[PDB]
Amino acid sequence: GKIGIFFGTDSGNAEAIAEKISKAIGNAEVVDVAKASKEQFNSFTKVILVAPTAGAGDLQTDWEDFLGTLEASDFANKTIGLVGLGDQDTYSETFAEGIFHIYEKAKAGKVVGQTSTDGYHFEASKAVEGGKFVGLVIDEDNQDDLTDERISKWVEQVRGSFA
């Protein structure tokens, strides 16, 4: 696979999502960030990073350890895609933020997949940037039934960049 899709998960939401996103975009290899290295991250030019949100809008532990091993340097030569899971209902003030961290570094490459906030309902989020989401935002908790179409639509918007 040309496209690498790295995810960390605690309940398999992200993993199911990354699988789906691979089903749809195609030509991809799905990797748990928990069992990988920058060495494997840099085996790819075109990447899609799926990541759930933890305490204080932080990253799921595994994604947290992983990103720790990467620096802006590592995201420079890459086309990056951001796809953060989250709960808009139980965490108003911090919704699908985890991705904003990965974002802090990945803004050093070409990040595509910015999406609208329409139909999402939250008080705050570091994931909103320049007026819209830094990438795709999944909410399996409250909006599970919207996952497939958001994926189908996002892969559409993406196709171009990840080709």
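Just count from 1 along the sequence shown to find any residue number.
Q: Report the stretch with the higher mean CA temperature factor, choosing between 118-126 and 44-52 on the basis of the entry.
A: Between 44-52 and 118-126, it is 44-52 that shows the higher mean C-alpha B-factor.
Q: Tell me which of 57-65 and 22-30 has the higher mean C-alpha B-factor in the deposited entry.
A: Mean CA B-factor is higher for 22-30.
Q: Going by the entry, which third of its chain does the Cα temperature factor of residue 35 land in?
A: Residue 35: CA B-factor falls in the lowest third of its chain.
Q: Taking the chain's C-alpha temperature factors as the reference, tell me which third residue 140 falls into: lowest, middle or highest.
A: Answer is lowest: the recorded C-alpha B-factor places it there.
Q: Splitting the chain's C-alpha B-factors into thirds, which one does residue 131 fall into?
A: For residue 131, the deposited C-alpha B-factor lands in the highest third.
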